[PDB]
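Reading through the structure tokens given below for one structure.
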Amino acid sequence: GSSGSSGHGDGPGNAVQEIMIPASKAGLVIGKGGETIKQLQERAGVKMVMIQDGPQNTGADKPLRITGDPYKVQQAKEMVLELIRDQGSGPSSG
């Protein structure tokens with residue numbers, strides 16, 4: 001018949017997403033050196049790498065680079081953003 005089955009040719013690849021993180025909370029999600037953020041990589045299955053590139057003449061922030069997968073990297077991004085995020089009513093007393 002037609003014998004025209006096309007659709008193939010996707011080598012190796014990795015998804016990456018960058019987000020703005022408040023240096024203030026950065027020390028809470030990263031930890032002393034990066035022990036916390038290290039565990040977050042497994043929770044989402046993606047790699048977390050905080051970028052600095054000497055942030056000069058720019059708003060005080062820390063662009064975090066999350067590499068891994070397109071369907072995963074998207075999940076983690078939320079896990080981190082929610083880490084630095086804050087709400088009105090807090091669960092803890094202190």
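By convention here, the chains of the structure tokens are called A, B, ... in the order presented, each chain's residues are numbered starting at 1, and ligands are numbered starting at 1 in the order presented.
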
Mind checking DSSP for region 54-88 of chain A and telling me the strand (DSSP E or B) residues as JSON, numbers by chain? {"A": [62, 63, 64, 65, 66, 67, 68]}

Compile the contact shell of region 27-29 of chain A as a list in words: residues with an atom at most 12 Å away, counting only C-alpha atoms, same-chain residues fewer than 4 positions apart removed.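 Counting only the stated atoms, we get residues 21, 22, 23, 33, 34, 35, 36, 37, 38, 39, 40, 41, 48, 49, 50, 62, 64, 79, 80, 81, 82, 83, 84 and 85 of chain A.
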
Could you write out that same residue set with N, CA, C and O atoms as a tab-separated table (two decimals), in the first residue's frame?
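Written out: again00.tsv:
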```tsv
chain	number	residue	atom	x	y	z
A	21	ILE	N	14.23	32.74	43.12
A	21	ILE	CA	14.14	32.41	44.53
A	21	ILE	C	14.77	33.49	45.39
A	21	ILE	O	15.88	33.96	45.13
A	22	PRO	N	14.07	33.89	46.46
A	22	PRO	CA	14.54	34.92	47.39
A	22	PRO	C	15.72	34.44	48.23
A	22	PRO	O	15.56	33.61	49.13
A	23	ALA	N	16.91	34.96	47.94
A	23	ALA	CA	18.11	34.58	48.67
A	23	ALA	C	17.80	34.32	50.14
A	23	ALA	O	18.43	33.48	50.78
A	33	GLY	N	25.27	24.39	52.72
A	33	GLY	CA	26.05	23.84	51.62
A	33	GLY	C	25.17	23.30	50.51
A	33	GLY	O	25.54	23.36	49.34
A	34	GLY	N	24.01	22.76	50.88
A	34	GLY	CA	23.10	22.21	49.89
A	34	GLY	C	22.67	20.80	50.22
A	34	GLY	O	22.69	19.92	49.36
A	35	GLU	N	22.30	20.58	51.48
A	35	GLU	CA	21.86	19.26	51.92
A	35	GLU	C	20.36	19.07	51.70
A	35	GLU	O	19.91	17.99	51.33
A	36	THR	N	19.60	20.14	51.94
A	36	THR	CA	18.15	20.10	51.77
A	36	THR	C	17.78	19.95	50.30
A	36	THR	O	17.19	18.94	49.90
A	37	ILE	N	18.12	20.95	49.50
A	37	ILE	CA	17.82	20.93	48.07
A	37	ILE	C	18.25	19.61	47.44
A	37	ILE	O	17.68	19.18	46.43
A	38	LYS	N	19.24	18.96	48.04
A	38	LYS	CA	19.74	17.69	47.54
A	38	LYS	C	18.67	16.60	47.65
A	38	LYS	O	18.54	15.76	46.76
A	39	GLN	N	17.91	16.64	48.73
A	39	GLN	CA	16.85	15.66	48.95
A	39	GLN	C	15.63	15.97	48.08
A	39	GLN	O	14.86	15.07	47.74
A	40	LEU	N	15.47	17.24	47.73
A	40	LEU	CA	14.35	17.66	46.90
A	40	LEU	C	14.47	17.10	45.49
A	40	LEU	O	13.48	16.97	44.77
A	41	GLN	N	15.69	16.76	45.09
A	41	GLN	CA	15.95	16.20	43.77
A	41	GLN	C	15.32	14.82	43.63
A	41	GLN	O	14.86	14.44	42.55
A	48	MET	N	18.45	19.80	41.05
A	48	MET	CA	18.28	21.21	41.42
A	48	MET	C	19.64	21.89	41.56
A	48	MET	O	20.50	21.44	42.32
A	49	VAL	N	19.82	22.99	40.83
A	49	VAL	CA	21.07	23.74	40.87
A	49	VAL	C	20.81	25.24	40.94
A	49	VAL	O	20.33	25.84	39.98
A	50	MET	N	21.13	25.83	42.08
A	50	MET	CA	20.93	27.27	42.28
A	50	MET	C	21.97	28.07	41.51
A	50	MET	O	23.17	27.84	41.64
A	62	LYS	N	17.61	34.96	43.42
A	62	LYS	CA	18.48	33.84	43.09
A	62	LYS	C	17.79	32.88	42.12
A	62	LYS	O	16.95	32.08	42.51
A	64	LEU	N	17.10	29.79	40.29
A	64	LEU	CA	17.39	28.37	40.45
A	64	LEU	C	17.12	27.61	39.16
A	64	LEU	O	16.07	27.77	38.54
A	79	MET	N	7.49	22.38	44.03
A	79	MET	CA	7.98	21.95	45.34
A	79	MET	C	8.91	23.00	45.94
A	79	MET	O	8.92	23.22	47.15
A	80	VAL	N	9.71	23.64	45.08
A	80	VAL	CA	10.65	24.66	45.53
A	80	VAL	C	9.94	25.99	45.76
A	80	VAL	O	10.06	26.58	46.84
A	81	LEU	N	9.21	26.45	44.76
A	81	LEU	CA	8.49	27.71	44.85
A	81	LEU	C	7.64	27.76	46.12
A	81	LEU	O	7.54	28.80	46.77
A	82	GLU	N	7.04	26.63	46.47
A	82	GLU	CA	6.20	26.54	47.66
A	82	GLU	C	7.05	26.58	48.92
A	82	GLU	O	6.55	26.88	50.01
A	83	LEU	N	8.34	26.29	48.78
A	83	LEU	CA	9.26	26.29	49.91
A	83	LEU	C	9.56	27.72	50.35
A	83	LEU	O	9.60	28.01	51.55
A	84	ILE	N	9.78	28.60	49.39
A	84	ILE	CA	10.08	30.00	49.68
A	84	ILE	C	8.80	30.81	49.87
A	84	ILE	O	8.80	31.86	50.50
A	85	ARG	N	7.70	30.30	49.32
A	85	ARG	CA	6.41	30.97	49.42
A	85	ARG	C	5.96	31.06	50.88
A	85	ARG	O	6.45	30.32	51.74
```

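Using only C-alpha atoms, the shortest contact distance between residue 55 (chain A) and any of A:14, A:92, A:2, A:20 is found at A:20.
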
May I have all residues of chain A that DSSP, computed from the backbone, assigns to helix (DSSP H, G or I), given as a PyMOL selection string? chain A and resi 23-29+36-44+73-84

May I ask for the distance between CA of residue 70 (chain A) and CA of residue 54 (chain A), given in Å to one decimal place? 27.7 Å

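The closest residue to residue 73 (chain A), picked from A:26, A:60, A:51, A:19 and counting only C-alpha atoms, is A:19.
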
Using CA of residue 52 (chain A) and CA of residue 65 (chain A) as the two end points, give the distance in Å to one decimal. 10.0 Å

I need the residue nearest residue 42 (chain A) from this list: A:9, A:88, A:30, A:76. Use only C-alpha atoms for the distance. A:76

Close residues, residue 47 (chain A) itself excluded, 6 Å, only C-alpha atoms, min 6 positions apart in chain, as a ChimeraX atom specification: /A:41,66-68

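Here CA of residue 45 (chain A) stands at a distance of 18.8 Å from CA of residue 31 (chain A).
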